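Asks: Input: one structure, supplied below.
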Amino acid sequence: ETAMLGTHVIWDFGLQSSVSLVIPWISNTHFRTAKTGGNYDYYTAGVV
Amino acid sequence: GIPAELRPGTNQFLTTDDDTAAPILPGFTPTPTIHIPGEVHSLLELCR
Amino acid sequence: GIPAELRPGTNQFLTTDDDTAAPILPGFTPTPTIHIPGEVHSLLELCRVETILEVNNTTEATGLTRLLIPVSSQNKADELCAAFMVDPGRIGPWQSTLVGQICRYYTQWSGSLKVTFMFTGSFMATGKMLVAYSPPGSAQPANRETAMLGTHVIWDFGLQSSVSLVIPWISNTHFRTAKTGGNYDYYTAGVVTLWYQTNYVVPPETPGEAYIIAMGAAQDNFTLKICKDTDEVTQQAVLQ
Amino acid sequence: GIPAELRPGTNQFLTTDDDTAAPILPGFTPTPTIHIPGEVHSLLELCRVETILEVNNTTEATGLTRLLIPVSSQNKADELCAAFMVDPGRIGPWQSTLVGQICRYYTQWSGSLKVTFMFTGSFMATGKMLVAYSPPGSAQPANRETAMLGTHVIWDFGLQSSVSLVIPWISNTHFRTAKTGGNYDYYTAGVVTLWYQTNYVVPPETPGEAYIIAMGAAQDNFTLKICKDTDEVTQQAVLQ
Amino acid sequence: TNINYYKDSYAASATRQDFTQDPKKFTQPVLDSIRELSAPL
Amino acid sequence: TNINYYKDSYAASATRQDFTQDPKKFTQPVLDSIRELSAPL
Amino acid sequence: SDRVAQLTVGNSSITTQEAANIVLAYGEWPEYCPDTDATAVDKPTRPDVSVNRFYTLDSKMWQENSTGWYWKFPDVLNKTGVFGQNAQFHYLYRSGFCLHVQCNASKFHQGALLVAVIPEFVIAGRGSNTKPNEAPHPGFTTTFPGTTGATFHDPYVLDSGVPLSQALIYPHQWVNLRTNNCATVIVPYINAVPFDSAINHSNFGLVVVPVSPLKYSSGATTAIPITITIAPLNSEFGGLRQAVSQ
Amino acid sequence: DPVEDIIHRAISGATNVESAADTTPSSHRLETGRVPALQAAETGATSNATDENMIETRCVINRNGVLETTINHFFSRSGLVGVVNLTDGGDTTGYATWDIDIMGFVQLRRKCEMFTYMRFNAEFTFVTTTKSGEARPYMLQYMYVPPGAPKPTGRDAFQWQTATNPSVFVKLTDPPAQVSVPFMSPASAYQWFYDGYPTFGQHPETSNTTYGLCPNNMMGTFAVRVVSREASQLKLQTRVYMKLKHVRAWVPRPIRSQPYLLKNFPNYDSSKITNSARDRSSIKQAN
Amino acid sequence: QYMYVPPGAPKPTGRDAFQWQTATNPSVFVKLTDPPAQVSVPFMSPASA
Amino acid sequence: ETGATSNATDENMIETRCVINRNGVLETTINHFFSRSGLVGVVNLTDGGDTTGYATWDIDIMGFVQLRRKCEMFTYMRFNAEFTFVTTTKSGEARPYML
Ligand SMILES: CCCCCCCCCCCCC/C=C/[C@H](O)[C@H](N)CO
Ligand SMILES: CCCCCCCCCCCCC/C=C/[C@H](O)[C@H](N)CO
């Protein structure tokens, strides 16, 4: 009920067994440095 | 309202009087008629 | 003043009379109207809509099982699943439909009716049913070699689980009075029976007993007339 | 004579019925009219005019002090000066207004109202007040950090001592019935509160307590309907 | 389109309705026009 | 060709009849038109 | 082609394999209130993507004896999301809803649910008492159950004293385990007034009633959850004030 | 232009149909993949299967009229919405008061409750008589008391001066009294079902009696007395009939299946549930 | 009170019965001293004659 | 102080939408406000008591309240009038006597 508040897709097993979740670019800065941890958690993209 | 004066012959029921009466079924269309042979109009046909 | 003569029908209150009465609020403009979706004009729209029809009644089934009729694997071939009389104004299955409740405010009815059956069984179950309509002149058929002699449809469980049996308008008179029983059996419409065409086949490890939901409505030739007051409701005393 | 049939509604006297009656003076020409200034046509003109509104009631203030509400230097900041509910047809402040008396002859009302505050303090006194209108859904705000969440005006004592708080028409229904209390609280308009924005500052050797006169009226969208008979006056017996 | 059954006009009905307003005489009876968007004094 | 004896229109009679039907909104409230002769699914 | 389908609103998306078409209630789309129909003079706020989007509620586990459930829409969403916060700070509310019900099951399961949107759905008291002062009244939490929903005592009358067989006169869709695994209905805003309070008034209810019961064979999956997804659509708010949740 | 995203029908239509639908001649069809019979009831759309497609029909030009089924002829019939008992001689008393509710009892209530919203005018007719049915030349006063107007507190009260409240003076031997009423709701339609509360605040789970009530349906009070200074000794009963005219109806709904227990509330008794139908002997035997 | 009861409508079971509310069944209220009551009836047969 | 009421409107004070108002202003005209009839006097006649035989009522519409309070919100009124006489017995009954 919290996780629905973000971008999500409801996917139904069937013929055509694959689904695609796109995760849009959503960041204050134009770029994100790939290094993480420490004070570089500033750049974390999110959790899926 | 419009002035009026009632006359003799008020509140009398004359059985042969030709008038209109209030309809009991508003918006009523009767069963459609069909051709029945032998329609009579005057009794003189019957007499001849 | 203008001479005038009063007639019979003076000082009478006819409840259906169409007249004008003195307004109690001079110079009154009502609250402006707004768009509300769903405006209805005639009751016939209301009639054409399919509504749940109760077939199973008996003394059993309690509340909601009355809507369902069972289908199951039959040992003896050519067996009768269910039946009922198709007069909508008669006490019976049609009282649960909304076409059957709206035709109880009216004396007579004319038009074609349609009955819809939807099969709620499992995807892996198959079968064929025969639903037939027999115009009057006899009681319900004893066997389906008789029932095939009337209007019928042979229906095959599959994708698209619903079928529609239309029951054409077939009567000597243009209209049929909704009252039945007694000498009003003259107006009986007929009986619709529901037969097993072949059987009800199911694979192993799958439920062997299923349900057909039944449905009813009217078509564009269906009309009513002579509006009366319905008998479905009663009141013992004033309602506080 | 011409045939005719009498209907229900014969020989009834409907007090609001619009008819003609037989004149008692044939060939009567009335005294010629002359120009009298101040002719009124609709009561809405009468409604738009601001009238003294009583806020202070209590058991005290006697006759004319009821019209005034005090403002004075406050030790604790962010304090509430006065409040009242803005329903004009409800018993309360609006009974002293002439818009509130004319809306008691009518069942319903729709439109925007405006409230005017004029500051009668001395020329050398300054201050800022916050007057806010809170649409329904809660009792009056406890603190003005809540009261700022509604429609409000921040007003500054100065030359041009009057300010106008308009209270827009904000209701689900097009009209609001003037009756209140009980289940008619459904129609409550809201509460208008009057807060100290900063403080009331005064130089030395000048009165430290002043008065704000309050005022009320209607705007050009304000209308009424369903004229009734008012409850403000009673009579115990015939008046000799 | 009203009707009078007598030749005395005062016996008639509510006659014709009318819509007329000039609250300006009660609301703003002032000799110097105050523009509504500008300071009064 | 009806008549109103008062200037308040709500005092009138049944006024004029009318014939209007769009059962389509109750019967078929579906966003993909189903051709009546073809398979629904 | 018609079976498969995908919705989208806001940042949320739904895909369905086995769906059967879509129901558009009363043949009208949700709209903003026109200038002629409007009454309140304030400028309403139109949040769009922050409000309009799919919200998923907790799931109901459907059991062989299940009697059905119901919800009230400008209720379930009052305490959840940004939609819920606008609803508590605003006195006036208007919007339509896009509604989606989802129940999976195998080709070896059988049963049918009736999904229906029934405007101004008023539950009733259950008892034989004819005296108005001692008569039972159906609780607060039974009338506005909130997100968790409430269950029928006797679904045959829909708790309204009205036959369920005629519930097909309402915008409705069947979810039949052999045919489709989901039901979808779009509801325009309907009411006698242009705006109405969200916390006091419930425009319409939803009813999922298991007409034909749930039946399967030993060894099949027993737990069959039911999940509902609702998208407030084309929303409007007005009459801003402090938060009132009750 | 500086930002792009700020830069941004129905389904069917109504056909005027004066008479019932006709029928066109059809013949046998044998071919594949054309099947008017197979329908899907899951889609929520009713069967579009017609006569002409299912079996062979003749050419029938139908003259049967559809007019009598319009909602505007369906409510054109008058019905009894209330009955008020007045005894002028008993103790003090002297007046009778009746709060206007057309839900008072059944037949007309059950009709109006198959629509959620109704806008319309009304015509009230007052049939007054003695408990014995006889008529006597006494004059009566019927005063309508809109919401918020003070109610009569006695037979001699000043409330009856009626400088504003519309009144009807009629003698008891005369024909019934009849008046037209406009649409007086503060909303745009009457609504017979309101799910919600009239006020904000707490809502106990013990006594909810506030629930269900719609203030927009409260039209106030109808009062009646007999005009004299001395109290007459008689008993009297006033039946109120109303035609319902210029009617519009929205979002229809099902009829009441169960007997009505209360006037303002849709309560029923859950032990007595009627199972609207008639019981039968098994299935597969029709009468 | 003269109430017409079309075929299939429930008949009055007593003077106080709810049958007399007449929300549908057309009625005629007339005092006994007044002129006779008179109404028009259409052709109501389900057949053509 | 100027004696003129506030000319501040809605559109100027806060942000408003476009509202086209269909509400009628007609019912508030003075000519529909007095169209309602009211009781201006009541006169008691006893023909049997002593000699007497007649009743006299000097015409004043200030006789009592509700209608008086309405007409006194204007200083000057010009108008026509329509009088209606409802007569009955002290018991309320009617009897075929000519008056
Ligand atoms: C001289 C007496 C005239 C009386 C005029 C009153 C007319 C009232 C308006 C029509 C009735 C409105 C519909 C009634 C609503 C419902 O019955 C209840 N208020 C809700 O339970
Ligand atoms: C057959 C009887 C007809 C009576 C006709 C008399 C009409 C009188 C003219 C209208 C009333 C004039 C207004 C009355 C003035 C005040 O009530 C008092 N004179 C002042 O206190």
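Simple scheme: letters A, B, ... for chains in structure tokens order, numbers from 1 for residues in each chain, numbers from 1 for ligands in the order shown.
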Name the residues in contact with residue 17 in chain F at a cut-off of 9 Å, using only C-alpha atoms, excluding same-chain residues fewer than 6 positions from it; report them as a list in words.

Replies: residues 27 of chain B; 67, 70, 72 and 73 of chain H

Asks: Just to be explicit: take each residue in the selection above, keep C-alpha atoms, and write the result as an mmCIF file, in the first residue's frame.

Replies:
data_model
loop_
_atom_site.group_PDB
_atom_site.id
_atom_site.type_symbol
_atom_site.label_atom_id
_atom_site.label_comp_id
_atom_site.auth_asym_id
_atom_site.auth_seq_id
_atom_site.Cartn_x
_atom_site.Cartn_y
_atom_site.Cartn_z
ATOM 1 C CA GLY B 27 -51.632 8.977 -23.358
ATOM 2 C CA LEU H 67 -46.327 6.596 -25.696
ATOM 3 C CA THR H 70 -42.858 7.511 -20.888
ATOM 4 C CA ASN H 72 -43.973 11.646 -17.808
ATOM 5 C CA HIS H 73 -47.157 9.607 -18.279
#

Asks: From a backbone DSSP assignment, name each residue in range 41-236 of chain D labelled strand (DSSP E or B), as JSON, numbers by chain.

Replies: {"D": [42, 51, 52, 68, 69, 70, 71, 72, 80, 81, 82, 83, 84, 85, 106, 107, 108, 109, 110, 113, 114, 115, 116, 117, 118, 119, 126, 127, 128, 129, 130, 131, 132, 133, 134, 151, 152, 153, 154, 155, 156, 162, 163, 164, 165, 166, 167, 176, 177, 191, 192, 193, 194, 195, 196, 197, 198, 199, 200, 201, 209, 210, 211, 212, 213, 214, 215, 216, 217, 218, 223, 224, 225, 226, 227]}

Asks: Name each residue within 12 Å of ligand 2, counting only C-alpha atoms and all ligand atoms, as a PyMOL selection string.

Replies: (chain D and resi 21-25+30+240) or (chain J and resi 40-41+56-65+67-68+71-72+76-85)

Asks: Select, as a PyMOL selection string, those residues of chain E with any atom no more than 12 Å from chain C (distances computed using only C-alpha atoms).

Replies: chain E and resi 5-6+13-14+16-19

Asks: Kindly export the residues of the current selection with N, CA, C and O atoms, as a PDB file, in the first residue's frame.

Replies:
ATOM      1  N   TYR E   5     -61.163  42.212 -17.536  1.00  0.00           N
ATOM      2  CA  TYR E   5     -62.576  42.003 -17.790  1.00  0.00           C
ATOM      3  C   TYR E   5     -63.408  43.241 -17.521  1.00  0.00           C
ATOM      4  O   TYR E   5     -64.600  43.247 -17.833  1.00  0.00           O
ATOM      5  N   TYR E   6     -62.809  44.276 -16.951  1.00  0.00           N
ATOM      6  CA  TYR E   6     -63.489  45.516 -16.634  1.00  0.00           C
ATOM      7  C   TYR E   6     -62.781  46.656 -17.344  1.00  0.00           C
ATOM      8  O   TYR E   6     -61.617  46.542 -17.738  1.00  0.00           O
ATOM      9  N   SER E  13     -54.697  42.461 -13.047  1.00  0.00           N
ATOM     10  CA  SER E  13     -53.815  41.548 -12.337  1.00  0.00           C
ATOM     11  C   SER E  13     -52.462  42.225 -12.119  1.00  0.00           C
ATOM     12  O   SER E  13     -52.339  43.448 -12.222  1.00  0.00           O
ATOM     13  N   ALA E  14     -51.435  41.436 -11.802  1.00  0.00           N
ATOM     14  CA  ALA E  14     -50.084  41.932 -11.556  1.00  0.00           C
ATOM     15  C   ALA E  14     -49.493  42.628 -12.776  1.00  0.00           C
ATOM     16  O   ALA E  14     -48.377  43.155 -12.716  1.00  0.00           O
ATOM     17  N   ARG E  16     -47.561  43.384 -16.060  1.00  0.00           N
ATOM     18  CA  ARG E  16     -46.336  42.811 -16.587  1.00  0.00           C
ATOM     19  C   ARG E  16     -45.228  42.975 -15.563  1.00  0.00           C
ATOM     20  O   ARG E  16     -45.148  43.999 -14.877  1.00  0.00           O
ATOM     21  N   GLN E  17     -44.379  41.964 -15.464  1.00  0.00           N
ATOM     22  CA  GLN E  17     -43.281  42.016 -14.524  1.00  0.00           C
ATOM     23  C   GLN E  17     -42.239  43.002 -15.035  1.00  0.00           C
ATOM     24  O   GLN E  17     -42.334  43.522 -16.149  1.00  0.00           O
ATOM     25  N   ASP E  18     -41.227  43.264 -14.217  1.00  0.00           N
ATOM     26  CA  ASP E  18     -40.151  44.120 -14.687  1.00  0.00           C
ATOM     27  C   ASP E  18     -38.893  43.835 -13.892  1.00  0.00           C
ATOM     28  O   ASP E  18     -38.948  43.390 -12.744  1.00  0.00           O
ATOM     29  N   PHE E  19     -37.761  44.103 -14.522  1.00  0.00           N
ATOM     30  CA  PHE E  19     -36.458  43.975 -13.893  1.00  0.00           C
ATOM     31  C   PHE E  19     -35.791  45.334 -13.983  1.00  0.00           C
ATOM     32  O   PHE E  19     -35.448  45.785 -15.077  1.00  0.00           O
TER      33      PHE E  19
END

Asks: Ligand 1: which residues are within 6 Å, counting only C-alpha atoms and all ligand atoms, as a PDB file with C-alpha atoms, in the first residue's frame?

Replies:
ATOM      1  CA  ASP H 101     -42.838  13.663   3.314  1.00  0.00           C
ATOM      2  CA  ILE H 102     -44.062  11.703   0.314  1.00  0.00           C
ATOM      3  CA  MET H 103     -42.362   8.593   1.700  1.00  0.00           C
ATOM      4  CA  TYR H 142     -54.519  25.120   4.976  1.00  0.00           C
ATOM      5  CA  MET H 143     -51.303  27.044   5.564  1.00  0.00           C
ATOM      6  CA  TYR H 144     -47.960  25.985   4.124  1.00  0.00           C
ATOM      7  CA  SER H 167     -52.797  29.788   2.599  1.00  0.00           C
ATOM      8  CA  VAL H 181     -46.101  23.545  -6.577  1.00  0.00           C
ATOM      9  CA  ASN H 217     -35.559  17.017   0.672  1.00  0.00           C
ATOM     10  CA  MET H 218     -37.007  18.926   3.638  1.00  0.00           C
ATOM     11  CA  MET H 219     -39.781  21.167   2.337  1.00  0.00           C
ATOM     12  CA  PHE H 222     -48.234  21.832   6.242  1.00  0.00           C
ATOM     13  CA  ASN H 264     -37.271   7.610   6.328  1.00  0.00           C
TER      14      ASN H 264
END

Asks: Give as a VMD selection string every residue of chain I that touches chain H within 9 Å, counting only C-alpha atoms.

Replies: chain I and resid 18 to 27 29 to 31

Asks: Select residues of chain D: the criterion is any atom within 7 Å of an atom of chain C, counting only C-alpha atoms; output as a ChimeraX atom specification.

Replies: /D:1-8,16-17

Asks: I'd like to know which residues of range 50-145 of chain G are alpha helix (DSSP H) (by DSSP, run on the backbone); could you write them as a ChimeraX atom specification?

Replies: /G:73-76,81-89

Asks: Please identify all polymer residues within 9 Å of residue 78 in chain G, counting only C-alpha atoms, omitting same-chain residues fewer than 6 positions from it, and present them as a ChimeraX atom specification.

Replies: /G:84-88,146-147,198-199,245

Asks: Please provide the set of residues having any atom within 7 Å of residue 98 in chain C, restricted to only C-alpha atoms, with same-chain residues fewer than 5 positions apart removed, written as a PyMOL selection string.

Replies: (chain C and resi 47+51) or (chain G and resi 166)

Asks: Dump C-alpha atoms for the selected residues as a PDB file, in the first residue's frame?

Replies:
ATOM      1  CA  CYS C  47     -36.975  -3.013 -19.798  1.00  0.00           C
ATOM      2  CA  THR C  51     -31.646  -8.861 -15.164  1.00  0.00           C
TER       3      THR C  51
ATOM      4  CA  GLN G 166     -31.878  -6.565 -10.589  1.00  0.00           C
TER       5      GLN G 166
END

Asks: Just need the residues of chain G within 10 Å of chain D, counting only C-alpha atoms, so spit them out as a list in words.

Replies: residues 37, 38, 39, 40, 41, 42, 88, 89, 90, 91, 92, 93, 192, 193, 194, 195, 196, 197, 199, 200, 238, 239, 240, 241, 242, 243, 244, 245 and 246 of chain G

Asks: For C-alpha atoms, I'd like the residues from the last selection saved as a short mmCIF file (atom, residue, chain, number, x, y, z; two decimals), in the first residue's frame.

Replies:
data_model
loop_
_atom_site.label_atom_id
_atom_site.label_comp_id
_atom_site.auth_asym_id
_atom_site.auth_seq_id
_atom_site.Cartn_x
_atom_site.Cartn_y
_atom_site.Cartn_z
CA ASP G 37 -22.95 24.19 -14.18
CA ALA G 38 -20.49 25.75 -11.73
CA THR G 39 -21.67 27.61 -8.66
CA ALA G 40 -18.87 28.21 -6.14
CA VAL G 41 -16.83 31.17 -7.32
CA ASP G 42 -13.35 30.18 -6.17
CA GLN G 88 -8.93 16.67 3.85
CA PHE G 89 -7.83 20.23 3.11
CA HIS G 90 -10.65 21.02 0.67
CA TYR G 91 -14.35 21.43 1.34
CA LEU G 92 -15.43 20.63 -2.22
CA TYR G 93 -14.77 17.62 -4.41
CA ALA G 192 -27.29 16.26 -7.77
CA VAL G 193 -24.70 19.01 -7.21
CA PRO G 194 -21.63 20.20 -9.09
CA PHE G 195 -19.25 19.68 -6.16
CA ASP G 196 -19.78 17.82 -2.92
CA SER G 197 -17.79 17.17 0.23
CA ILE G 199 -15.49 13.19 3.73
CA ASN G 200 -19.23 13.48 4.39
CA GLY G 238 -12.06 23.65 -3.91
CA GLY G 239 -12.85 25.44 -0.69
CA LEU G 240 -9.42 25.31 0.92
CA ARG G 241 -9.25 25.32 4.73
CA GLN G 242 -7.52 23.43 7.53
CA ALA G 243 -7.48 19.65 7.50
CA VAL G 244 -10.66 17.93 8.64
CA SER G 245 -10.53 14.14 8.44
CA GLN G 246 -13.80 13.46 10.27
#

Asks: Per residue of chain B within 10 Å of chain I, record the nearest atom pair and its distance in Å to one decimal, counting only C-alpha atoms, with rows in chain order and ascending residue number, as a Markdown table.

Replies:
| residue | atom | partner | partner_atom | distance |
| --- | --- | --- | --- | --- |
| B:10 | CA | I:35 | CA | 9.1 |
| B:11 | CA | I:35 | CA | 5.4 |
| B:12 | CA | I:35 | CA | 7.3 |
| B:13 | CA | I:36 | CA | 7.4 |
| B:20 | CA | I:40 | CA | 7.6 |
| B:21 | CA | I:39 | CA | 4.9 |
| B:22 | CA | I:39 | CA | 5.0 |
| B:23 | CA | I:40 | CA | 4.6 |
| B:24 | CA | I:40 | CA | 6.3 |
| B:25 | CA | I:41 | CA | 7.5 |
| B:28 | CA | I:42 | CA | 7.7 |
| B:29 | CA | I:42 | CA | 8.4 |
| B:30 | CA | I:43 | CA | 5.9 |
| B:31 | CA | I:48 | CA | 6.0 |
| B:32 | CA | I:48 | CA | 6.4 |
| B:33 | CA | I:48 | CA | 5.2 |
| B:34 | CA | I:48 | CA | 6.6 |
| B:35 | CA | I:48 | CA | 9.3 |
| B:36 | CA | I:49 | CA | 9.3 |

Asks: Please dump the current selection as an mmCIF file, in the first residue's frame; keep N, CA and C atoms.

Replies:
data_model
loop_
_atom_site.group_PDB
_atom_site.id
_atom_site.type_symbol
_atom_site.label_atom_id
_atom_site.label_comp_id
_atom_site.auth_asym_id
_atom_site.auth_seq_id
_atom_site.Cartn_x
_atom_site.Cartn_y
_atom_site.Cartn_z
ATOM 1 N N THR B 10 -78.599 23.320 -15.878
ATOM 2 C CA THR B 10 -77.346 23.095 -15.189
ATOM 3 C C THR B 10 -77.484 21.888 -14.277
ATOM 4 N N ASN B 11 -76.428 21.082 -14.215
ATOM 5 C CA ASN B 11 -76.361 19.937 -13.315
ATOM 6 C C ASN B 11 -77.401 18.885 -13.671
ATOM 7 N N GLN B 12 -77.805 18.837 -14.930
ATOM 8 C CA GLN B 12 -78.741 17.834 -15.406
ATOM 9 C C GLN B 12 -77.988 16.812 -16.234
ATOM 10 N N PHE B 13 -78.390 15.558 -16.129
ATOM 11 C CA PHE B 13 -77.824 14.511 -16.963
ATOM 12 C C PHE B 13 -78.860 14.120 -18.003
ATOM 13 N N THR B 20 -68.186 16.044 -24.096
ATOM 14 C CA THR B 20 -66.930 15.373 -23.837
ATOM 15 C C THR B 20 -66.803 15.134 -22.340
ATOM 16 N N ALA B 21 -66.087 14.076 -21.979
ATOM 17 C CA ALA B 21 -65.864 13.730 -20.587
ATOM 18 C C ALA B 21 -64.375 13.538 -20.359
ATOM 19 N N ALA B 22 -63.963 13.676 -19.112
ATOM 20 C CA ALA B 22 -62.546 13.611 -18.795
ATOM 21 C C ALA B 22 -62.019 12.203 -19.034
ATOM 22 N N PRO B 23 -60.929 12.044 -19.773
ATOM 23 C CA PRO B 23 -60.391 10.705 -20.019
ATOM 24 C C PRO B 23 -59.676 10.138 -18.804
ATOM 25 N N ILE B 24 -59.858 8.834 -18.584
ATOM 26 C CA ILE B 24 -59.264 8.167 -17.431
ATOM 27 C C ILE B 24 -57.876 7.604 -17.690
ATOM 28 N N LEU B 25 -57.425 7.560 -18.939
ATOM 29 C CA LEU B 25 -56.114 7.011 -19.277
ATOM 30 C C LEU B 25 -55.366 8.001 -20.153
ATOM 31 N N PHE B 28 -53.102 7.194 -24.078
ATOM 32 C CA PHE B 28 -53.493 5.823 -24.367
ATOM 33 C C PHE B 28 -53.704 5.674 -25.860
ATOM 34 N N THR B 29 -52.954 4.777 -26.474
ATOM 35 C CA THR B 29 -53.222 4.423 -27.848
ATOM 36 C C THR B 29 -53.830 3.033 -27.913
ATOM 37 N N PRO B 30 -54.969 2.879 -28.572
ATOM 38 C CA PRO B 30 -55.654 1.590 -28.586
ATOM 39 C C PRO B 30 -54.988 0.592 -29.516
ATOM 40 N N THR B 31 -55.370 -0.662 -29.339
ATOM 41 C CA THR B 31 -54.915 -1.731 -30.208
ATOM 42 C C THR B 31 -55.202 -1.380 -31.662
ATOM 43 N N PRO B 32 -54.245 -1.554 -32.568
ATOM 44 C CA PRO B 32 -54.490 -1.193 -33.964
ATOM 45 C C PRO B 32 -55.599 -2.031 -34.569
ATOM 46 N N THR B 33 -56.382 -1.394 -35.427
ATOM 47 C CA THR B 33 -57.476 -2.063 -36.101
ATOM 48 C C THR B 33 -56.969 -2.865 -37.292
ATOM 49 N N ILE B 34 -57.745 -3.875 -37.665
ATOM 50 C CA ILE B 34 -57.453 -4.716 -38.814
ATOM 51 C C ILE B 34 -58.711 -4.803 -39.655
ATOM 52 N N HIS B 35 -58.573 -5.378 -40.841
ATOM 53 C CA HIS B 35 -59.703 -5.484 -41.748
ATOM 54 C C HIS B 35 -60.591 -6.641 -41.332
ATOM 55 N N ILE B 36 -61.831 -6.328 -40.988
ATOM 56 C CA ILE B 36 -62.872 -7.308 -40.720
ATOM 57 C C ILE B 36 -63.943 -7.096 -41.779
#

Asks: Would you mind telling me which residue in G:80, G:67, G:173, G:217 lies nearest to chain A when using only C-alpha atoms?

Replies: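 Result for the nearest residue to chain A: G:80.
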
Asks: Tell me, as a list in words, which residues lie within 9 Å of range 15-17 of chain I, counting only C-alpha atoms; anything in the same chain fewer than 4 positions away does not count.

Replies: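 My list of contacting residues is residues 235, 236 and 237 of chain C; 21 of chain I.
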
Asks: With C-alpha atoms kept, could you save the residues just selected as a PDB file, in the first residue's frame?

Replies:
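That gives us part.pdb:
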ATOM      1  CA  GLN C 235     -49.095  -2.254   3.790  1.00  0.00           C
ATOM      2  CA  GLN C 236     -50.805  -3.234   7.030  1.00  0.00           C
ATOM      3  CA  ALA C 237     -50.981   0.268   8.543  1.00  0.00           C
TER       4      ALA C 237
ATOM      5  CA  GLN I  21     -54.126   4.752  -2.159  1.00  0.00           C
TER       6      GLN I  21
END
